[PDB]
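Enquirer: could you work out the structure for the sequence below:
(chains A, B, C, D and E)
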Amino acid sequence: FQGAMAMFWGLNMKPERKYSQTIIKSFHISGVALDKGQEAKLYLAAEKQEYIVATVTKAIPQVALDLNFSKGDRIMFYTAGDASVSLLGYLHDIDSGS
Amino acid sequence: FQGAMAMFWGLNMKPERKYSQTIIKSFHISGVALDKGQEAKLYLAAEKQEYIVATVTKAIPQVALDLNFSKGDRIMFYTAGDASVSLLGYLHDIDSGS
Amino acid sequence: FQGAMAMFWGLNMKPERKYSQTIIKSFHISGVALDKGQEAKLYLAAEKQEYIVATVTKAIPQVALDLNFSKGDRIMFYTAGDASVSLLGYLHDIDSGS
Amino acid sequence: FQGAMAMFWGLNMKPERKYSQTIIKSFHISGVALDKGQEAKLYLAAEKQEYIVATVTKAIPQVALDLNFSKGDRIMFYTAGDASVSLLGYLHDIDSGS
Amino acid sequence: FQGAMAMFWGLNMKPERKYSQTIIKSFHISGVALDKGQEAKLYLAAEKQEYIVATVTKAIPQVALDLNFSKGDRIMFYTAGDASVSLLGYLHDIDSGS
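Expert: Numbering: from 1, shown residues only, chains lettered A, B, ... in the order given. The protein structure is shown below:
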């Protein structure tokens, strides 16, 4: 099937949602942006630490950011404020045989 | 022929066009920008989910974004508002033999 | 000689120049910026399609963009407006033997 | 376990903290941003040289930057001003057997 | 020692300095930013051509840019104006045996 490696990923956030989600496939998030919304602060709690990964508002309607996770950790993605943001990314499954 | 891997890709959007297109070659989109136009909201419906990937306007005449798709999914690219945007990217066909 | 893979590339554009150039070495353009100039719209005609890859002006004196081409296509790079822009990039010659 | 290669990394800075830390795992920092804070200047002293890697303020509430370190050097990360910034990155452990 | 590949690199520029330097190790520059300074125009003369790679000022206190050089060329890095800028990057020594 040749090397695809990176397959499309997406995450639609609703105003003040918190998704504590485990990772079965390592992936990279590449952007978070709002179409409908006033303010969305994109927080990530991983390693039991609250990381502020992006602040995407009407003023900054799109935060293109380099995010990457591995299937070893269990992270929580949550947005504060009132806005609905769509994240985009790609699952990275790099294979080189053995 | 050596490793090219990433070959050039481009997509010219017209004001309020919706292209529901299948993927036979995995590719990365790297930028969406408008030359002629007032506003273009670049939406992507993949996995049956409306993702707002970029908002490119006269105010933000160019959104350089990290987009990547695989030949497994069937996505729809569509712009809202009135503007004509040109996306640019590269088809990633990484080969490492077997 | 070890793996260099990506070797330096550069392109100095003069106000309203059009270079229809073939590709013998696949390369990535990573930025277009103006030092002297008022406005430069960086267009790329490839696949016989006019792509607006960047709009770099005095207001936006530098457009860092992810561009990539392969030695299979023959593209034309041309800037509109009055400004002299310097593009920067790197030829990607990835080798992995056979 | 397949190729994960890049595993998630994060760094929460407090206003005017200096962490002189050794590297046992090579990693890339991809963003530094403030949620709470007025100003944070992100300095890095490596090779016994003070590098100003990013200036992230209330005005620029998020600096997405391409940082990369190797397990050979011993660096110091320190922020000046009053703000608490969260850095995000990923440890790059690329393996290709032998 | 596993694959480090990319090792940390940095370059502190003083107001109006010109470093004509040869490359013994291929590297990528990822950002140029000023902490102390009014204006720094980051020029690169390579292939005997003056490239304006970034314009980093008090207004634009940090230019995150994708720069890459190979150990084959001999380049000159020089900043104009009055400001002291710190560049950051990583030497890319990709090895895959033979």
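
Enquirer: tell me the bridge partners for the residue most central in space within chain A.
Expert: Centroid check for chain A by Cα atoms, centre = their mean gives residue A:29 as the closest residue, at 4.7 Å. When bridges are called by DSSP bridges, residue A:29 pairs up with residue A:67, residue A:89.

Enquirer: that one touches residue A:75, doesn't it?
Expert: No - counting by Cβ atoms under 8 Å, residue A:29 stays clear of residue A:75, with 10.5 Å between them. For every residue, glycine as well, the C-beta is placed using N, CA and C.

Enquirer: ok, residue A:49 to residue B:92 distance?
Expert: Remark: distance between residue A:49 and residue B:92 (Cβ to Cβ, to the nearest Å) = 33 Å.

Enquirer: more crowded one of the two?
Expert: residue B:92 (21 against 11; other Cβ atoms under 10 Å in any protein chain shown).

Enquirer: tell me the secondary structure at whichever residue of chain A sits closest to chain C.
Expert: At 10.2 Å from chain C, residue A:96 is the closest residue in chain A, using Cβ to the nearest Cβ. Assigned with DSSP: H, G, I helix; E, B strand; the rest coil, residue A:96 falls in the coil class.

Enquirer: pretty sure it contacts residue D:5?
Expert: No - look at residue A:96 against residue D:5 with Cβ under 8 Å: they stay out of range, at 10.1 Å.

Enquirer: show me which of the two is the more surrounded one.
Expert: residue D:5 (17 against 12).

Enquirer: OK, contacts around that one?
Expert: A:92, A:94, D:92-95 (Cβ atoms under 8 Å, 6 or more residues apart in numbering or on different chains).

Enquirer: ditto for residue A:65
Expert: With Cβ under 8 Å, 6+ apart, residue A:65 has these contacts: A:29-32, A:53-54, D:30-31, D:62, D:64, D:88.

Enquirer: quick one: the closest residue to chain E within chain A from residue A:28, how far?
Expert: Chain A approaches chain E most closely through residue A:96 (10.2 Å), counting by Cβ to the nearest Cβ. Relative to residue A:28, residue A:96 is positioned 18 Å away (Cβ to Cβ).

Enquirer: distance of the residue nearest to the centre of chain A from residue C:96?
Expert: Taken as Cβ to Cβ, the span from residue A:29 to residue C:96 is 29 Å.

Enquirer: again with residue A:25
Expert: In terms of Cβ to Cβ, residue A:25 sits 25 Å off from residue C:96.

Enquirer: next: residue A:11.
Expert: From residue A:11 to residue C:96 the distance is 34 Å (Cβ to Cβ).

Enquirer: would you mind listing what in chain A touches chain B?
Expert: A:2-8, A:10, A:12, A:30-31, A:33-35, A:61-62, A:64, A:66, A:86, A:88, A:90, A:96-97 (Cβ under 8 Å from any Cβ of the partner chain).

Enquirer: those, buried ones only, as a ChimeraX selection?
Expert: To isolate the buried members of the residues of chain A next to chain B in ChimeraX, using 16 or more other Cβ atoms under 10 Å in any protein chain shown:
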select /A:3,4,5,6,7,8,10,30,31,33,34,35,61,62,64,66,86,88,90
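
Enquirer: which ones among the residues of chain A next to chain B are found in strands?
Expert: A:6-8, A:10, A:12, A:30-31, A:33-35, A:62, A:86, A:88, A:90 (DSSP state E).

Enquirer: how about those in a markdown table, adding distance to residue E:80?
Expert: Output for these, formatted as a markdown table (distance: Cβ to Cβ, whole Å):
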| residue | distance to residue E:80 |
| --- | --- |
| A:6 | 40 |
| A:7 | 45 |
| A:8 | 43 |
| A:10 | 44 |
| A:12 | 46 |
| A:30 | 34 |
| A:31 | 34 |
| A:33 | 36 |
| A:34 | 39 |
| A:35 | 42 |
| A:62 | 33 |
| A:86 | 42 |
| A:88 | 38 |
| A:90 | 40 |
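
Enquirer: and those, which is closest to residue D:19?
Expert: residue A:30 (27.9 Å; Cβ to Cβ).

Enquirer: how much space is there between the closest one and residue A:50?
Expert: When residue A:30 is compared with residue A:50 (using Cβ to Cβ), they lie 22 Å apart.

Enquirer: show me the beta-bridge partners of residue A:76.
Expert: residue A:20, residue A:45.

Enquirer: can I assume it is in contact with residue A:47?
Expert: No - with contact defined as Cβ under 8 Å, residue A:76 does not reach residue A:47; the gap is 10.9 Å.

Enquirer: neighbours of residue A:37, how many?
Expert: 21.

Enquirer: typo on my end, residue A:19
Expert: 12.

Enquirer: before we move on, what about residue A:70?
Expert: Residue A:70: 20 neighbours (other Cβ under 10 Å).

Enquirer: phi and psi next, for it.
Expert: Note on residue A:70: backbone dihedrals following degrees, to the nearest 10 are phi -120, psi 150.

Enquirer: that one reaches residue A:28, doesn't it?
Expert: No - with contact defined as Cβ under 8 Å, residue A:70 does not count as touching residue A:28 (10.3 Å).

Enquirer: between the two, what contacts are shared?
Expert: With Cβ under 8 Å, 6+ apart, residue A:70 and residue A:28 have common neighbours residue D:6.

Enquirer: tell me how far the ends of stretch A:14-26 are from each other?
Expert: 23 Å (Cα to Cα, to the nearest Å).

Enquirer: identify all contacting residues around that stretch.
Expert: Against stretch A:14-26 from outside (Cβ under 8 Å, 6+ apart): A:11, A:37, A:40, A:45, A:68-84, A:91-93, D:4, D:6.

Enquirer: got the residues of chain A near chain D?
Expert: Checking chain A against chain D by Cβ under 8 Å from any Cβ, the hits are A:26, A:28, A:41, A:43-44, A:46-47, A:49-55, A:60, A:63-73, A:75, A:92-96, A:98.

Enquirer: PyMOL command for the buried members of those residues?
Expert: To isolate the buried subset of these in PyMOL, counting by 16+ other Cβ under 10 Å, use the following:
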select buried, chain A and resi 26+28+41+43+44+46+51+52+53+54+55+63+64+65+66+67+68+69+70+71+75+92+93
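
Enquirer: tell me which element residue A:51 is part of?
Expert: strand A:49-57 (DSSP states H and E).

Enquirer: one step back: list the contacts of the residue nearest to the centre of chain A.
Expert: Counting by Cβ under 8 Å, 6+ apart, residue A:29 has contacts A:9, A:11, A:65, A:67-69, A:87-89.

Enquirer: for residue A:47, same thing?
Expert: Here residue A:47 is in contact with A:73, D:8, D:10 (Cβ under 8 Å, 6+ apart).

Enquirer: my read: residue A:81 touches residue A:34, true?
Expert: No - between residue A:81 and residue A:34 there is no contact under Cβ under 8 Å: 9.6 Å.
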